[PDB]
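Q:
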Amino acid sequence: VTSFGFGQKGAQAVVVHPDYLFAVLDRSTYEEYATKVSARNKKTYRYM
Amino acid sequence: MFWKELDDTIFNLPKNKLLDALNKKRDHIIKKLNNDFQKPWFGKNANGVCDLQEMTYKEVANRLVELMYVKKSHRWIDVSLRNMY
């Protein structure tokens, strides 16, 4: 993601996929993580 | 006796204190609609009592079969409740 601005203002982001974060953490942490996401998804569903 | 407890406390209140008194008395009212009163509280998710909007559609429907269909005698309470489900 590159953005060029006035006043010699260039920029660049790089946006890596989430699955390369979800392989630095072990089996216990991920399957505990996926529950609270499925909990928050239904709770944000009701709010939205 | 639970009918009388809501008569002395909630039902004699006017309209402005009605919605506030039900919010503070809520989980106590849900406690004895499930235990003591003949019309239960409808919300029941994962064997936990709950609000209506935290139930899936299938467990909304299976709770309507639980509270309107008599499985021992294979009949509905009413045809107009069958026409509701």
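Those sequence lines, one after another, are chains A and B.
According to PDB author numbering, numbering within the first sequence proceeds without interruption in unit steps and concludes at 1692.
According to PDB author numbering, numbering within the second sequence proceeds without interruption in unit steps and concludes at 934.
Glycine is no exception: its CB is placed at the ideal position from the N, C-alpha and C atoms.
Give the C-beta separation of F886 of chain B and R912 of chain B to the nearest angstrom, bearing in mind that I take them to be a contact with Cβ-Cβ under 8 Å.
A: Taking the second sequence and counting its residues from 1, the one referred to as residue 886 of chain B is at position 37. Taking the second sequence and counting its residues from 1, the one referred to as residue 912 of chain B is at position 63. 17 Å between Cβ atoms; not a contact.
Q: Is the beta carbon of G1649 of chain A closer than 9 Å to that of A1655 of chain A?
A: If you number the first sequence from 1, residue 1655 of chain A lands on position 11. If you number the first sequence from 1, residue 1649 of chain A lands on position 5. Cβ distance < 9 Å, so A1655 of chain A and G1649 of chain A count as in contact.
Q: Helix or strand or just coil, what does DSSP make of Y1689 of chain A?
A: Looking up residue 1689 of chain A in the first sequence gives position 45. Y1689 of chain A: helix per DSSP, three-state reduction.
Q: Do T858 of chain B and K874 of chain B have their beta-carbon atoms positioned less than 9 Å apart in this structure?
A: As a working note, residue 874 of chain B is residue 25 in the second sequence. As a working note, residue 858 of chain B is residue 9 in the second sequence. Yes, the Cβ-Cβ distance between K874 of chain B and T858 of chain B is below 9 Å.
Q: State the beta-bridge partners of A1683 of chain A as determined by DSSP.
A: Counted from its first residue, the first sequence places residue 1683 of chain A at position 39. Looking at the DSSP assignment, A1683 of chain A forms no beta bridge with any residue, so it has no partner.
Q: For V898 of chain B, which residues in the same chain have their Cβ closer than 7 Å to its Cβ, ignoring the five residues on either side in sequence?
A: What you label residue 898 of chain B is simply residue 49 of the second sequence in a count that begins at 1. Spatial neighbours of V898 of chain B in its own chain (CB-CB distance under 7 Å, excluding positions within 5 residues in sequence) are listed in chain order as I879, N883, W890 and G892.
Q: When the Cα atoms are used, what is the spatial distance from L855 of chain B to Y1691 of chain A?
A: As a position in the second sequence, residue 855 of chain B is number 6, starting the count at 1. As a position in the first sequence, residue 1691 of chain A is number 47, starting the count at 1. So the two alpha carbons sit approximately 31 Å from each other.
Q: Using a threshold of 9 Å, state whether the C-beta atoms of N896 of chain B and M904 of chain B are closer than that.
A: The residue labelled residue 896 of chain B in the question sits at position 47 within the second sequence. The residue labelled residue 904 of chain B in the question sits at position 55 within the second sequence. No, the Cβ-Cβ distance between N896 of chain B and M904 of chain B is not below 9 Å.
Q: Give the DSSP-derived three-state secondary structure of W925 of chain B in the structure shown.
A: Start at 1 with the first residue of the second sequence, and residue 925 of chain B comes out as number 76. DSSP, reduced to helix, strand and coil, places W925 of chain B within a strand of the structure shown.
Q: CA-CA distance, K1687 of chain A and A1678 of chain A?
A: Translated into positions along the first sequence, residue 1687 of chain A becomes position 43. Translated into positions along the first sequence, residue 1678 of chain A becomes position 34. Cα-Cα distance, rounded: 14 Å.
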